[PDB]
Structures are given as C-alpha cells and as structure tokens.
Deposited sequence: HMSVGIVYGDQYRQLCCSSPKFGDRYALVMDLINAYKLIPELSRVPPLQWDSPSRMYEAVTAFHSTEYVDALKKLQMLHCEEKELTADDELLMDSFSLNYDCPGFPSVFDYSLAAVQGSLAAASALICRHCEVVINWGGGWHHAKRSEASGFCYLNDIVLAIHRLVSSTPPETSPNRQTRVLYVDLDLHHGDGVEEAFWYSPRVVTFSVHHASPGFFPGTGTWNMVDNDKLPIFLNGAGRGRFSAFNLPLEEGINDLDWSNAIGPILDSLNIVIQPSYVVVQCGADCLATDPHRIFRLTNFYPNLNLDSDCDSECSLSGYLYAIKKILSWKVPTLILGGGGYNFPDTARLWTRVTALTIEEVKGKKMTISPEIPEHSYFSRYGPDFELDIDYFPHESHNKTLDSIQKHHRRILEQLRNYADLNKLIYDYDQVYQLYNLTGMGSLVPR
C-alpha cells in the first residue's frame, strides 16, 4: 500500500510551532478534501515504552547532552519566569537561539517528527507499504549537538539509520531550496548512504555549504569518500531546466548504486510563489512541475521509498504541491488513476485558497555550467564505484 503518517495528537503537535503555524493541517485537509485519504494506509507515529527507549532512539544520532538541553528548554518555556544567565549560556552552546528559539512545545514538536519518520521507515522494512509519506517530517539541517534553520531533531538521519540497520544501501535525494547539510554530515564517512542535494547556493545564502569550497567540491571522507553529491544552481531556474539538470543524475545514481531504499526530502520552497522568490518551479501537471518530474522518475524505479516534507513558507501553495505529489504516488504505485479537479473543493480551509481557489499555483512562467557540473558529477560517480568496487556499464550511464 501507500502509507501516510497522521494522527490527532500528531497533527496537534505539528501545528504548535510559531514558525510553521497550521501548515500541516492545511496540507492534510487538502489531501482529505480531494478524497485521497481512503486510498492511503494510515501509519501511526512511533511511541516508546519508557524514557530510556526514547533516549536510546534519539541518541542514535544526537548527543545526550543536546537532548537534555532541548527538553530543559521546553520546561523553561512552560514557566513564566525568564532564563538565567547560566541557562542562556547553556542554550547558546547548542545554537538553541535566534533562528531556533524555544517555545512551550519545542521538544514534543521536534520529537513528533522523529516518531513519524521512524514509523514510516518501519512500515517499509516490514513491507506493509511500498512507499510512505510523512509531510510532518524532513528537518534536514539539525546536527548531532546543534539546532539549525528551525530544525531541532534530524528525523531524516534517524529514519535512514533505521533503514540501513535492517548489504543495505540507501539513496537520499534532497529537493529543498536549501542544501541538506545535516544529513550529508551525518553520513560523511559512510559509503552505504549516498546523499544527493540540489539547491540554491550563493555568497551569504543559508546554510552556506553544498558548493565550491582553485576551490573544489568536498564529497565525503574515509570509506565515504565520493559518497556525498551536490548540484548548486543559480537563482531563477524554471521547471524544464531544473528537470534536465537533475534527471540524468538521478538515473545514473540509481543504476550505479542500486539502492535498497530511497529517501526523498521534498521541501516546497523552490516554488515560484514561495516568499524566498529564488527558484521558479511550479506544481503544474499538464510545463511540468520539476517536483512531479523527479518524484515520478524515482517511483518508476520500484524501490521502497520514503517521501518527506521540509521547507515551504507559502502554506496554501505548499498544500497544493504536496497534494499533487500524494496523488501521483498513488497512481504510480497502485496503477489507479487519480483525477484531481482544477478547482479547490469545499472544506474547512477553503477560504485560505483565495482569491481564485484553483489547484495550480498562481504563476505565469517564462525563460553549460550545468554541463560542467554533469561532467564533474559523473567523474565522482566513477570514483565512487571504483572505490567501492561496484559493477556497472559506463556506456549505459554515459548515455
């Protein structure tokens, strides 16, 4: 079946942060208004049988002291009195500040996404589901002992760790506007988790990595050398050029790596209507949405797949994209056509889709360095396959 993570408590927690507000509710209610929920298997978030089992799961990646600080940060924000100087210094040492502030549910909110993405991995491992979707997950910037970019716990790293410990190889594909630095870093020394991020990069733009470092690309270390891939792209790119840029790379990686699982981060901040206003992708499904192109290509491999959310700050347009991604996944896996009306159906958040209440985002598209990146990346894939002694047809890949 196609699984999707949700639950009443889960929806409550995913909607409790100051930055992302009720985004997750809009996403799931649009999926519901288009009658997709009966097509999907509900995957409940993982719960644990003691505080010690919870800690053992989260500290598979994160340090115990970081977990301790994040839980203390929640407690402190549930009392009225403000922080002492010693507690502020403690939070500062884990970057629990500025872009990653505390709030009354910050720990349960962060943990919830971990619970969802670990349950999604389990449902793929036991073969209940061929694909699982978690639009509450995808928080790719969090590091072992540091919050970053409103990511407090790295649900993706923990999901991938569960997958690889079930020889298992995982291909991680990161479609967010931003470089997936936290996932890349976690698996920097690990050849069995190959990471590939396509993103904007330019001087001063967050988080800064995934690009030239004459400078060269770093790409892993130890036995993980050549196992971290990156494609940085200039601002203004449209669906067609983004699709051609990443399409051959995706197919080459699948052919050479032959992954046991694929994990996709599908942050929606590349949409032309995101307030970042950097890339110009759409949710269009005839100009074909770069996101839908990539997901369809990945699903055509027939490899068990985890699809996660991520960035996306125009909440109705994020709903519009992820609803179409969800219908596409049903069609590709079940072989059953999903027809989606071009008009938004009546439902509790209908008023949020004004002023025109259509499923297409409201955008009118327009519009050699990529050739050089393609040559560089193919060379790296050759180095990866040589180092790891893999068998593959150069002429099929070079094709």
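Checklist entry - If you line up the deposited sequence with the model, which stretches have no C-alpha coordinates? => result No C-alpha coordinates exist for 1-2, 169-177, 225-230, 304-315, 397-402, 435-447.
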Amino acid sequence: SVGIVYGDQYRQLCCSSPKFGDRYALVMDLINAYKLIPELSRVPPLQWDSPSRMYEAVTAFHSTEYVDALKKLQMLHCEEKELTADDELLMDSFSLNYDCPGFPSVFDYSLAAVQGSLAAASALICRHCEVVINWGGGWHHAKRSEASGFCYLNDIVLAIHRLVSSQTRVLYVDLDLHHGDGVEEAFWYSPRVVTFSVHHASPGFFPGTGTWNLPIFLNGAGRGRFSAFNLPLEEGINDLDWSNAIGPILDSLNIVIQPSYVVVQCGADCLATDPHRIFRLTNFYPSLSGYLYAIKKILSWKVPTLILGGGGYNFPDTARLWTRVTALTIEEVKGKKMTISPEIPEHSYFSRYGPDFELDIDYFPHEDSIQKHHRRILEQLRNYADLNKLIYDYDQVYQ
From here on, numbers count along this sequence of modelled residues.
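Checklist entry - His366: absent from a third or more of the other PDB entries compared? => result Yes.
Item to check | Residue gap status of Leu328, at least a third of other entries | outcome: No, none of the compared structures omit it.
Checklist entry - Which of the two stretches, 380-388 or 18-26, shows the higher mean Cα temperature factor in the record? => result Between 18-26 and 380-388, it is 380-388 that shows the higher mean C-alpha B-factor.
Checklist entry - When the C-alpha temperature factors are averaged for each of 57-65 and 335-343, which stretch ends up with the higher value in the entry? => result According to the entry, 335-343 carries the higher average C-alpha B-factor.
Checklist entry - What's the residue among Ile257, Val106, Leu153, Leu96 with the greatest CA temperature factor in the PDB record? => result It is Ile257.
Checklist entry - When you compare the CA B-factors of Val173, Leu288, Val193, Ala201 as listed in the entry, which one comes out on top? => result The listed residue with the largest C-alpha B-factor is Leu288.
Next on the checklist: Test of reading the entry: by CA B factor among the chain's modelled residues, which third contains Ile4?
Outcome noted: Ranked within chain, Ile4 CA B lands in the lowest tercile.
Item to check | B-factor third for the C-alpha atom of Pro365 within its chain | outcome: CA B-factor rank for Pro365: highest third.
Checklist entry - If you rank the chain by CA B-factor, which third does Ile125 end up in: lowest, middle or highest? => result Answer is highest: the recorded C-alpha B-factor places it there.
Checklist entry - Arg169's Cα B-factor: lowest, middle or highest third of the chain? => result Within its chain, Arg169 is a highest-third residue by C-alpha B-factor, going by the deposited values.
Checklist entry - How does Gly311 rank on Cα B-factor within its chain, lowest, middle or highest third? => result Middle third of the chain for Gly311's C-alpha B-factor.
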